[PDB]
Structure formats: structure tokens, C-alpha cells
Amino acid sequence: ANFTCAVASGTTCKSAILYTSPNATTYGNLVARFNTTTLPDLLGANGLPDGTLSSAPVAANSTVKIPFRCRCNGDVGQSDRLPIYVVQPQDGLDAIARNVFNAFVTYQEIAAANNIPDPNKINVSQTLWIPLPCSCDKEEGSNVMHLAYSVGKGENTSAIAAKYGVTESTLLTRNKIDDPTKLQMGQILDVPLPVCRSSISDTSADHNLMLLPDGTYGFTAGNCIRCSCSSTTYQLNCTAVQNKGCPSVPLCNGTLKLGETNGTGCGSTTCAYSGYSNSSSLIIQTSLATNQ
């Protein structure tokens, strides 16, 4: 029982952990550690500039947002069979949870996830699925990107909620908090980040994956589309990337190209990204969006 999720089992989502690096590293090393995402999406998930190298620093005890695919079973959200940890010479399931994964999981959740019958015995070189806490669920019938937050000391629900642009209301109903007062340190919180709206269709492969809070960006459709989110509008801004193994992007009707707008204000209309499909070959779809 990590983060509650109530959507149909098998449903996948994009979620994240706010990861605290014990040691100094680089963004490149985080990518190798988690392998839940690509470097440019990790960079974009934190709002670093496009074309930043993997050697971008991560200071000791600094925090990096690490996106991953979440799978929901009946009741809870779990990171979808990633990340995969390889046991070193004298690891232990409890040390691994706490000192590698910030206590986002418990050793029991690890063992249960890998069918290990006595939490005390794991072999060198044994691989472990680490199921990070996540969802899935909507907030108020609005899409959100849940983020797993490890409460540092001196914090409170007021400050956190302002930090992420969330009402303190949703935080308390989503997280079981009797008396906020003083939040206990080390507590894991479900923080549903607001995200841009999109025109990405149900039928589309990336339908629940382009969930971008403010200031972040991401890539989709075999890296042929770039999507960015600003709170300025909260409408996903998509653009064609121009790798040249990439398919053409259709106009809307005729004459409106991706990102272009027709009309004036509020009643204006925009050629948006609505998804892609991959049977046979990569096809990108677009559709007119009304000003939201």
C-alpha cells in the first residue's frame, strides 16, 4: 500500500519521484541508475536546457525529479517493472531501500515485488524490480502528475503545497493527514502536480504519458515531437523536432501547421499534437484545438 490508485488495473501512467542524491553525481549517472527514462526527458523533466550534456552536475543532497512509467494494479500504483537493481557483494533489502532509494519503498514491498520468501536472503548479481510509489488517479477530474515527496525537516503542508502550486486541500485528502501541524520527517507524500491540458487522443500510445507540470518539457512519438508546459496558458505547446528519419506532420485541414493559430483570442483555434501510432510505421496526428 504505497500510493492509492483507483483506475482500471493495467493502466499506465507517467509519475515521478523527487530523488535525493546521497553522493555527488551527474544526470547521466541517474539515467543509468534508474533507466526509467532517457537523458533528454530527465533533463526536460527538470527544466534543464535542450542539449545539456549528461555531465550536468547533481550536488550531494540536491533533489532531482525522476519520471517513470507507472502501472496500476487493482489498488495501488507501482513503477512499471523499472527500475531494476543488481545486488552488490553485501547489499541487504533494507539498506537498498533506504540508502539507494530514499525509503520510497520498504524492504517488504521489494521482497513482495520479487517473490522473495525470506527478506534476508538475496544473491550477489540477483536482479530486483524496485517498485516505486505512484498513481495514476486524477485530481478533481483533472489530469495530474503524481510526484513522490520525502518530507524534510521543518516542513509543513502549507509550504509544500505552495512550492508545487497545489491546494493544501488536495494534499490532505490524498495523503491521510490527521493533524498537519508538524509533518513527520521521512514521510512519503503523494503530490499531484497540475499539468498542461493537451489534445492527445485516447487512441494514442502517449495518452497518459505527456503529463508535464509547469516549466518542464518532454519528447514523444519516437523523439519526433517536443512538448513543453507553461503555467502561462497550461496548454501543452508541441513542436516538430526535425530528426530527419521523422515522418511529416499533417496540417489541420489545409494550411494550419503544428503550433500555428487561426483567429484572434479566446475564440482562436490552434493546430495541436493529438498523438501518434506505430503499427507498420510511425504516424503523427494533429487536430484543431479551441482556446482553453
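Quick note: we count residues from 1 along the sequence shown, nothing fancier.
Remark: stretch with higher mean C-alpha B factor among 250-258 and 62-70 is 250-258. Comparing 176-184 with 86-94, the higher mean C-alpha B-factor in the PDB entry belongs to 176-184. Across the options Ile17, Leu282, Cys13, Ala272, the residue with the most elevated CA B-factor in the record is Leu282.
Of the candidates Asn29, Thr52, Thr264, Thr239, the one whose C-alpha carries the top B factor in the deposited record is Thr264. Sorting the modelled residues of the chain by their CA temperature factor places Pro119 in the highest third.
The entry lists a Cα temperature factor for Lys163 that places it in the middle third of the chain's modelled residues. In the PDB entry, a CA B factor belonging to the highest third of its chain's modelled residues is recorded for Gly141. Residue-level temperature factors show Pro133 in the middle third of its chain, judged at the C-alpha atom. Among all modelled residues in its chain, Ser230 ranks in the middle third by Cα B-factor.
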